[PDB]
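Heads up, the chain below is alone and in the form deposited in one PDB entry; it's given as structure tokens.
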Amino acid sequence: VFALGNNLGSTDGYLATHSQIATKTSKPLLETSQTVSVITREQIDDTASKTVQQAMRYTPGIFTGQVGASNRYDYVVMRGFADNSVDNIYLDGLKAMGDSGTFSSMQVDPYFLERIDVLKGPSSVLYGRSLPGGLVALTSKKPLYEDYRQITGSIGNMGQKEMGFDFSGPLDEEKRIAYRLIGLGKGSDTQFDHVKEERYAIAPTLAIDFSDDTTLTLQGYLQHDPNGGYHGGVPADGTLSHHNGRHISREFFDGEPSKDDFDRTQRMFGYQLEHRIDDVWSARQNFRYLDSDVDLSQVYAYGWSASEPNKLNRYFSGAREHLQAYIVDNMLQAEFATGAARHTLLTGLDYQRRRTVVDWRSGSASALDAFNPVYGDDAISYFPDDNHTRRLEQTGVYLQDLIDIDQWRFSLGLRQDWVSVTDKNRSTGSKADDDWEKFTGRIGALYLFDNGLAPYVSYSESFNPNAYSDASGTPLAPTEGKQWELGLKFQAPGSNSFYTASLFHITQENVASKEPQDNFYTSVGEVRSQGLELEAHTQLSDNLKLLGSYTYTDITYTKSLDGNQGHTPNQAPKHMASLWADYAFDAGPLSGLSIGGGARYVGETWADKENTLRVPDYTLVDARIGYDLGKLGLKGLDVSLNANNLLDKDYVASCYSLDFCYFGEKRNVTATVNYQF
């Protein structure tokens, strides 16, 4: 079997045994000196997680509430790092290649995924530019070598509707060629008035074995979102407190007129080539091209009107964006012994090239009453247009040696990146340009006791281009993450249970900062995140599956020029916890029935960086019920019922500032039918 670039991990219920996210080569979770979580297909289905972001709500060290109920983008806040949270997603070993300085961030639909792997903390040594919180790797469904056919249909509240199919199998007598074809159409009204979500997608994959030494997998992914749900927010003033009227803004309130529009087309093609040279030497090339179009028209609230008392001031954003992106990763691995030491030595060259053409519009809109709005006044007073061509190039050369000797498992990593970023202002003709090089490193040591207890330590580094620029308008120095991590993992042999504790201390340097009167940003800011994560997978009964998590996060601006030094970032709960359980009857009359549910806790959050107002804590409840009607003599047919936020709590999930607060999703009920053959 082929380790390089594959997880190759067994999965049973909600627990995987192996990953490649931390190493680019199959490694037991138990023998990996980093915090790795895995969210299985079964967990996604059982919790009715409708997006990647929602799939993470049972994982420690992840906050799922950055823009509350919005499903437009996947925001995964890791270890309290909210900034550039959209850019944490990798798909099939490759950076998604969205542009986080634009509206062109992509979304991968969960129905195409086999599993979600989550790596905590700085991880640039294998991936290049990334955030200090970690990163998420989506693994797409791959061709099967036995015929597999699934049709599925879902119906819910809020006008939810989905149909999908998933067909796979061999094409030849010899079973050397196999396909998979997955398609999907879906819709929702949301909780919000006048809002639609809508998506049509298809993903063909073909896998071909040339010999026992070579597999090529060809992949396409075409997705059209002609509607983009809701992506707004409203003041703390009337959400966290009553405003004037003694009113609160409703969880269904819509701040825009029907001059609203979000149209996203994503067109991806790629391949994965796996080649065994020797029992020692293996090589792999992962490639993906992306081409997307985004069209946006959005009127949004921004603060209360100075003159008109229960009306919100509004503005308009308009965008027409075309994103092109190439990414390739070239890996060569040698597995070999030198005396008592076994080496798994990886060398790699990767390359990212991105161009985003953006035509931006903006203006002033009419004011809107925040209770009993009257739509139809959609005239916009337009400000100056703002058109850009943005380019990024990243070349990475990296080395890694995993050294296993006796019960020790060591990891040594080094990477050099050459980065070039350009911004051509097509309105003004001016061009900002920037080229630099960064070295990142990682060192891990883990001791595997033969009882399945594994203490470890890790030092790991990250960088990311700075989103801010100086006086001159050449960008600041890239931010930098540095983490010391101490952990303990434990799995009792055979028992399908797995427990981890992780302690972390992350420093992020060269963060943009200024005096508030000041014009120039300088790269003198610093952020420190430290804490504890606990994760438990317990499979008792063989009919009973449990997940539990606890997260403690202490994050602070340790150096700031703006008066917020020593404050806690907003959108950063100190305390979170979760628990999910699922029971299946094999035994009795009830064979085929399954019942499940859980609870999620988010602690209090600051609504603002100035730390003047709290978002209250909240506990949410989820539940499910499933039946295999196979058991009653009609095979491959099963149904499920899910309710997330079962008590229908009406709450603010988080705030970006005092002006922008986001409601959590109201009760979401779905009924699903799955038909195999």
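The numbering used is simple: start at 1 and walk along the sequence shown. For the two forms, the rigid core is made up of the largest set of C-alpha atoms that agree within 1.5 Å on superposition. Residues that one form lacks are left out of the comparison.
From this point on, the text means the form deposited in another entry, which you will not see here.
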item	value
2 Å-or-more CA mover between the shown form and the other one, where superposition uses the core and the choices are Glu485, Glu480, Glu535, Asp254	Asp254
Threshold 2 Å Cα movement between the shown form and the other one for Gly159, core superposed	no
Core fit, then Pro384 C-alpha moves 2 Å or more between the shown form and the other one	no
Core-superposed comparison between the shown form and the other one, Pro516 Cα displacement 2 Å or beyond	no
Direction of C-alpha distance change in the other entry, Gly303 to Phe252 (at least 3 Å)	closer
Residue pair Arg250, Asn642 - Cα distance in the other entry, closer or farther (3 Å or more)	closer
Residue ranges moving between the shown form and the other one (criterion: at least three consecutive CA positions shifted 2 angstroms or more, core aligned)	245 to 258
